[PDB]
Protein chains: 2
Amino acid sequence: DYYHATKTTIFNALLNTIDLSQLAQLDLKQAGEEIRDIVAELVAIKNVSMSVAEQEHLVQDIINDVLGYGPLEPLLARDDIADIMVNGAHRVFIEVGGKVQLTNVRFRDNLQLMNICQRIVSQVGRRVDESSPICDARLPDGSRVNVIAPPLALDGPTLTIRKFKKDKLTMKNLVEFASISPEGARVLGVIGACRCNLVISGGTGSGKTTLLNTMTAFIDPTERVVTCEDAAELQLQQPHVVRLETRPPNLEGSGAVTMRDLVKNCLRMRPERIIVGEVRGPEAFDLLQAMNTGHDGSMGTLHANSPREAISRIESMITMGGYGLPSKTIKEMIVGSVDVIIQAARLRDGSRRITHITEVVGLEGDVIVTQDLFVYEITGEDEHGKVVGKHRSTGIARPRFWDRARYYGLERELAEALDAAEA
Amino acid sequence: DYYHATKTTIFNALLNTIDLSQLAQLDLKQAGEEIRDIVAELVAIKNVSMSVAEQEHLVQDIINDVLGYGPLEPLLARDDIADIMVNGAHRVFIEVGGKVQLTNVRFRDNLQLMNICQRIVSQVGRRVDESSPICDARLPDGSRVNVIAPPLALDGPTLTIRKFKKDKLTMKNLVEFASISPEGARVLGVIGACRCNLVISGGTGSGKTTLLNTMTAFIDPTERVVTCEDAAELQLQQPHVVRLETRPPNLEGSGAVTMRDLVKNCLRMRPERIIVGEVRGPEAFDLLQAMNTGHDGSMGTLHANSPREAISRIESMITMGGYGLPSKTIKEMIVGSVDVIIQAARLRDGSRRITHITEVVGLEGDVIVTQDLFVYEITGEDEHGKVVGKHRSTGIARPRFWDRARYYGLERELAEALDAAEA
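Reading the values: the criteria
- Residues numbered from 1 in each chain as written, not as in the entry; some residues may be left out.
- Chains lettered and ligands numbered in written order.
- Part of a larger assembly, values for the part shown.
- Heavy atoms only, no water.
- Residues with missing side-chain atoms left out of burial classes, pairs and counts.
- Helix = DSSP H or I, 4+ residues; strand = E, 2+ residues; numbered from the N terminus.
- Contact = heavy atoms within 4.5 Å.
- Axes fitted to C-alpha atoms, helices over the stretch in contact; angles between N-to-C directions.
- Parallel < 35°, antiparallel > 145°, perpendicular 65-115°, else oblique.
- Left-handed = near helix turned anticlockwise from the far one by under 90°.
- Nonpolar A, V, L, I, M, F, W, Y, C, P; charged D, E, K, R; others polar.
- Pairing = 2+ DSSP bridges.
- UniProt positions renumbered as here; feature names shortened; annotations may be inferred.
- Salt bridge = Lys/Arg side-chain N within 4 Å of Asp/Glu carboxyl O.
- Expected span 1.5 Å × (residues − 1).
- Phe/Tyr/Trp six-rings, centres within 6.5 Å; stacked < 30°, edge-to-face > 60°.
- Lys NZ or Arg CZ within 6 Å of the ring centre and 35° of its normal.
- Polar contact = N/O pair within 3.5 Å; in protein donor to acceptor, adjacent residues only side chain to side chain.

As summarised from the PDB record, the model derives from cryo-EM at a stated resolution of 4.0 Å.

Next comes the structure, spelled out in structure tokens:
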């Protein structure tokens, strides 16, 4: 029980010796030396029941007070903590492998929590305050963070940090997990190896990136690939790969490298596939040009619920780009570029599936035409609590991209898969 | 093996003797002499397995390290190497006639390579660094260099050097290799020198620029041609050629000269032709002015599949400018300006052919009319699967541009070619 009182006393001693009002003096290393020295002196002269390990913990606590995260660190250090939920200054919950509970860890004042949030979002050039009270971000270490500000959240700031995890699913494993039936697996293998301009839509918490990695695992080795990401998540398994990443705006908000610029420059490096981590703004435009001007195989992910919404969102982005294009031109361009859309989503019971495998057919006036090959038609739910479905097939005798399949001589296997699935 | 260690020892000896800070001290010949002598002496001062030939080779390597481009030079010195792609420090890809191969070449570290890239891009006044990590410029010798710095990239410095090809086909190659029969070839040759406007439409990868270059090959030498392009690709032999190029906008967002401004200005240089590299923005309207106000002989290229689709695209472009023109005056303008719309396409099988040599006849009501002279019809397939067809002339007697061709005494040749086609 001596931890809290002894810590308060030691903090007061350090402040009397070197107080935070002395900012710009006793810098990183100077602090790491002087604070530790004063802590050791206080422990020696001032009797404290804390041990050498406890002395080091108190030293680190003072260091945190100086430039720290706050009391999150003793939590983050663990591994069983799979989620950290703040919900104001007076509460911190955690999930521990299936169970969830409250914790006897708290903040002092909403200033402390607010400052900690501002700092942790400043780690990746993000700032949350009374002007932009919402901030979502992904820290470099891999885990994701979200924060809401006082003006909206009536309980002061609210913050959530989700533990990082690794999937690295493979197409041979997806079939066992019942994500896609084997006929679908072969069809997708053909669609991936055949350099088809596709777009992997997905809904909230659907898990697109895993699917995108699983699909790009089909590319032929020699092809010079080029990605454009914001977090460095993927793991390509090909020899000839070039990676990239944007650089957010500096503290002054200047000299930023938006994904648009990365794409516009990747257009000039002689790439064969321009994979993209996600689509957020007018960069879609450039990517669509890459989909069209002889870079056949470009992938990409955007946040949409169903394909006939994904198309509308693409059009809305292009319009927002501020180019002045009439809508009909945008529809013509999309119909020309895109070739396949794989819409994956999470059903009610929490599973993950692939609900649609659609092909853009053409334009007829002001309506785009789609010919969904597959649809995960829901059939029911079992007594054990998990939904049941089946991968029905519309069984089109010859999909649009048949020509490509021919050019690579893989058409026969695709035909076999269709025949099996058509029945 | 021992070349690495011997080179390391000799390089340390050279730095001790002459430091890179001594640049311009012991000027180029002076360096090649003094450093060579120092290396020769250190060969005996410090024992090494290198013989006299080894001494000379290591002297050359030291010289290249002092000023040279390093292991790039053995490649860049060659001619049968098209593109060089450097990712990281332990990977360099070279393109050799339509294929990529991974080099056995290496480097020392990433900072080495980054300084080398800075040297390479210094030649055009540009600068690449952590503050402007994107560089794209045309080296004076003609090649095009694009470099992305490791602040954006991950594996290391990203470098792409694209060499200017010198192999651009003439009509002879196209005719001989199943692109156009001696009928269409001679018709196009008559169309070229006859100073007839035209708008070459093309499909994805249909190879528009090659056709455009071949057509321009026939232009009259004594005409003041004034190209315009987004990136140097055309190659003309006429004595009188002014070449212009757009300037891509910089990251800061200022100092950009688009194709529109360039054509606006080319209208005021007393030209006698205009050859636009590709017509994408609204610049089409200005180009049409050149087709109209006594600059007969303009050209262009645009993206489309069907000549009617090409004309629809041109109307869309003209409307994009927002000048407020109605929808009928645009059609009047396009009917009075254009005089040939050639369509070249890529066969489904994986080969290219020239398809349409359509013209523009007039405006009947509110729709444009065409009188397609030549065509290419898909008979079927061979035992191997390649598409086959025939180049056919519909048999028109006096084309619209015939009157114009009357001036240049080509009429007899055109009549003869069409007659031979009709036979």
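Colleague: Let's hear about the overall build of chain A: which residues, and what values?
Modeller: Within chain A, the secondary structure is distributed over 14 helices and 17 strands. Long-range contacts, defined here as pairs at least 24 residues apart, represent 50% of the contacts in chain A between residues at least 6 apart.

Colleague: Run through the packing of helix α7 (residues 182-193) of chain B against helix α14 (residues 411-422) of chain B, naming residues and quoting values.
Modeller: Residues and elements named next belong to chain B. It is at 9 Å that the axes of α7 and α14 come closest, and there the two elements cross at 160°. By the angle between their axes, α7 is roughly antiparallel relative to α14. Remark: the crossing between α7 and α14 carries left-handed chirality. Packed against α7, whose contacting residues are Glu183, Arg186, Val187 and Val190, the element α14 presents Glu413, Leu414, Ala417, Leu418, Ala420 and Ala421 at the interface. When its residues are assigned to classes, the contact of α7 with α14 shows seven nonpolar, no polar and three charged.

Colleague: Explain the interface of chain A and chain B residue by residue, including any values.
Modeller: In this assembly, 26 residues from chain A lie in contact with 30 residues from chain B. Elements supplying a minimum of two residues to the side of chain A that touches chain B: β9 (241-242), α9 (259-266), α12 (327-337) and α13 (402-407) of chain A. Its residues assigned to classes, the side of chain A that touches chain B shows ten nonpolar, six polar and ten charged.

Colleague: Pulling in residues and values, what's your account of the pairing of strand β4 (residues 134-138) of chain B?
Modeller: Residue and element names in this part refer to chain B. Of the strand pairs in this sheet, β4 and strand β5 (residues 144-148) are connected by five bridges, and their pairing is antiparallel. Paired with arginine 138 across the strands is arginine 144, a residue of β5. Between β4 and β5, which pair antiparallel and follow one another directly, the connecting turn spans five residues, one of which, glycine 142, has a positive phi of 120°.

Colleague: Can you tell me about the sheet that holds β4 of chain B, naming the residues and giving the values?
Modeller: Residue and element names in this part refer to chain B. Across the sheet, six strands lie side by side as β3-β2-β1-β6-β5-β4; this open sheet has antiparallel pairing. Two strands lie at the open edges of the sheet, namely β3 (100-102) and β4, each paired on one side alone. Here the average twist between neighbouring strands, direction ignored, is 10°. Where strand β1 (residues 83-87) and strand β6 (residues 158-162) come together, five bridges link them in antiparallel fashion. By the bridge assignment, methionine 85 is partnered in β6 with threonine 160. On top of the sheet, helix α5 (residues 110-122) reaches β1, β4, β5 and β6; it is set at about 145° to β5, its chief contact.

Colleague: I'd love a proper account of the pairing of strand β5 (residues 144-148) of chain A, names of residues and values included.
Modeller: Where β5 of chain A and strand β6 (residues 158-162) of chain A come together, five bridges link them in antiparallel fashion. Note that in β6 of chain A the partner of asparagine 146 of chain A across the bridge is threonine 160 of chain A.

Colleague: A description of the UniProt feature "binding site: Mg(2+) 1" (unreviewed entry) in chain A should follow, citing residues and the corresponding values.
Modeller: Residues and elements named next belong to chain A. As annotated by UniProt and renumbered to match this structure, "binding site: Mg(2+) 1" (unreviewed entry) occupies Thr209 and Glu233. The greatest C-alpha distance among the annotated residues, which extend across 25 residues, is 8.3 Å, indicating that they converge on a single site. With respect to the element layout, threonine 209 can be found in helix α8 (residues 208-216). Within the element layout of this structure, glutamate 233 appears in the loop between β8 (225-226) and β9.

Colleague: Can you explain the pattern of salt bridges? Please cite residues and give values.
Modeller: A salt bridge links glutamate 95 of chain B to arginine 270 of chain A, with the shortest nitrogen-to-oxygen separation between them at 4.0 Å. Here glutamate 95 of chain B, found in strand β2 (residues 92-95), pairs with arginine 270 of chain A, found in the loop between α9 and β10 (273-274), and the two come from separate chains. Through salt bridges with shared partners, one network takes in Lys165, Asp167 and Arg352 of chain A.

Colleague: Which residues make up helix α7 (residues 182-193) of chain A, and what values go with them?
Modeller: Helical periodicity: at 3.6 residues per turn, an α-helix aligns residues three or four positions apart in one direction. Taking 1.5 Å per residue, twelve residues should reach 16 Å; α7 of chain A reaches 16 Å between its end C-alpha atoms and fits that length. Positioned one or two residues after α7 of chain A, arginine 195 of chain A has a phi angle of 55°, which is positive.

Colleague: Go over the packing of aromatic side chains, please, and point to the residues and values.
Modeller: When the centroid spacing of 4.6 Å and the interplanar angle of 80° are considered together, the rings of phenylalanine 285 of chain A and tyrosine 323 of chain A count as edge-to-face. Note that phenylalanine 285 of chain A is positioned in helix α10 (residues 283-292) and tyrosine 323 of chain A in the loop between α11 (307-320) and α12, a separation of 38 residues in sequence. Ring centres of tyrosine 407 of chain A and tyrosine 408 of chain A lie 5.3 Å apart, and the angle between their planes is 55°; on these two criteria the pair is classed as tilted. Over the aromatic face of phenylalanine 164 of chain B sits the side chain of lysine 168 of chain B, whose NZ or CZ is 5.2 Å from the ring centroid.

Colleague: Break down the sheet that holds strand β11 (residues 301-303) of chain B for me, with residues and values.
Modeller: Residue and element names in this part refer to chain B. Strand order in the open sheet made by the four strands is β11-β7-β12-β13, with mixed pairing throughout. Two strands bound the open sheet, and with one partner strand each, they are β11 and β13 (352-356). Strand-to-strand twist across the sheet, computed as the mean angle between neighbouring axes with direction ignored, equals 25°. Where strand β12 (residues 343-346) meets β13, four bridges bridge the pair, whose relative direction is antiparallel. By the bridge assignment for β13, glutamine 343 is matched with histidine 356. Strands β7 (200-202), β11 and β12 of the sheet are contacted by helix α8 (residues 208-216), whose axis makes an angle of about 160° with β7.

Colleague: Please provide a residue-by-residue account of the environment of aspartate 141 of chain A, values included.
Modeller: Residue and element names in this part refer to chain A. With respect to the secondary-structure elements, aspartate 141 resides in the loop between β4 (134-138) and β5. Separated by 73 residues in sequence, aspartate 141 and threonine 214 have C-alpha atoms that sit 22 Å apart. Side chain to side chain, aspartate 141 and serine 143 meet in a polar contact 3.4 Å long.

Colleague: Residue-level account of unusual backbone geometry, with values.
Modeller: Residues apart from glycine generally show negative phi values, whereas peptide bonds are mostly found in trans. Residue and element names in this part refer to chain A. The phi dihedral of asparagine 87 is positive, around 55°, even though this residue is not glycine. Here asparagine 87 lies in the loop between β1 (81-85) and β2 (93-96). Even without being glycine, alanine 232 reaches a positive phi, approximately 65°. Within the secondary structure layout, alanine 232 lies in the loop between β8 and β9.

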